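A short write-up of the structure that comes next.
Hydrogens, waters and symmetry mates play no part in the numbers below; they use all other heavy atoms, side chains included. Residue numbers begin at 1 in each chain, while the letters A, B, ... track the order of the sequences.
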Number of protein chains: 2
Amino acid sequence: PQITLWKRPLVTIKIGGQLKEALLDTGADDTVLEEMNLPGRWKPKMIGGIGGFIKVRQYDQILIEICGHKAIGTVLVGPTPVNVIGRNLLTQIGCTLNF
Amino acid sequence: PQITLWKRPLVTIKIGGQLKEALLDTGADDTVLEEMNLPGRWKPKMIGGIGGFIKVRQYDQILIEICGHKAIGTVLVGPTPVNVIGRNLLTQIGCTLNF
Ligand SMILES: CC[C@H](C)CN(C[C@@H](O)[C@H](Cc1ccccc1)NC(=O)O[C@H]1CO[C@H]2OCC[C@H]21)S(=O)(=O)c1ccc(N)cc1
């Protein structure tokens, strides 16, 4: 589809058998999701933006479905104020910027 | 143009007669630039990102050309990790997400 940017580009996603809302964020290198208790191992990470850094848990090879488009890659989990789909997964669904 | 997301969507902008690089950031409501001298009146505001809130200077009705496309809108100036072009200007240049 085509998504205009008059409002936040929020879409439904499916991850670990849960449905959530997340932003398609070209400014996010990597996907970051609200605190959720995912299974399996993980590595600590720190990600920075406006205001400083937050600590997150990095899971790899996580399967996510975004508007029926499947992807699999890194998902960071932590106390983020918003769920964002980052470039690492936006590439996998063929998402482009156009003007 | 069409911009894929395998790398950061960085583009050259012209503001206050100066060239700079900036990130097209669909996850930003607002446009936030690193510290710089801008002619015009400004107002103190706060803006919050993933890591908390920062102090910025709000410049209204600023002319800014993004990748050869003119926009006139609000520009926040402050200690952001990187220049980001947010939706308030992305809408002006006709930018959409497509997959
Ligand atoms: C360094 C590039 C850019 C700032 C990075 N950010 C993504 C960005 O889209 C955030 C994503 C974001 C959206 C909402 C809350 C917190 C972060 N937007 C943002 O900070 O925008 C601010 C400016 O406009 C305002 O509207 C939104 C907040 C204000 S981020 O949230 O900090 C981020 C950093 C690393 C990863 N892997 C994923 C996300």
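- Using a 4.5 Å cut-off on side-chain heavy atoms (C-beta onward), B:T91 and A:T4 make no contact.
- Using a distance-only test at 3.5 Å, with no hydrogens or angles considered, no donor-acceptor pair links the side chain of B:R8 to the main chain of A:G27.
- In summary, of the residues considered (A:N88, A:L24, A:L90, A:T96), a side-chain contact (heavy atoms from CB on, under 4.5 Å) with B:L5 occurs for A:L90 alone.
- Of the listed residues (B:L23, B:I3, B:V82), the greatest number of heavy-atom pairs within a distance under 4.5 Å of chain A belongs to B:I3.
- Contact between A:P81 and B:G49 at its shortest, heavy atoms only, is CG-O, 4.1 Å.
- Remark: B:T26 OG1 to A:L97 CG distance equals 6.5 Å, nearest 0.5 Å.
- By the 4.5 Å heavy-atom criterion applied to side chains, A:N98 and B:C95 are not counted as neighbours.
- Heavy atoms of A:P1 lying under 4.5 Å from chain B belong to its backbone as well as its side chain.
- Atom CD of B:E35 has more than 12 heavy atoms from other residues, nucleotides or ligands within 6.0 Å.
- Here A:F99 contributes atom CZ and B:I93 contributes atom CD1; the two are 4.5 Å apart, rounded to the nearest 0.5 Å.
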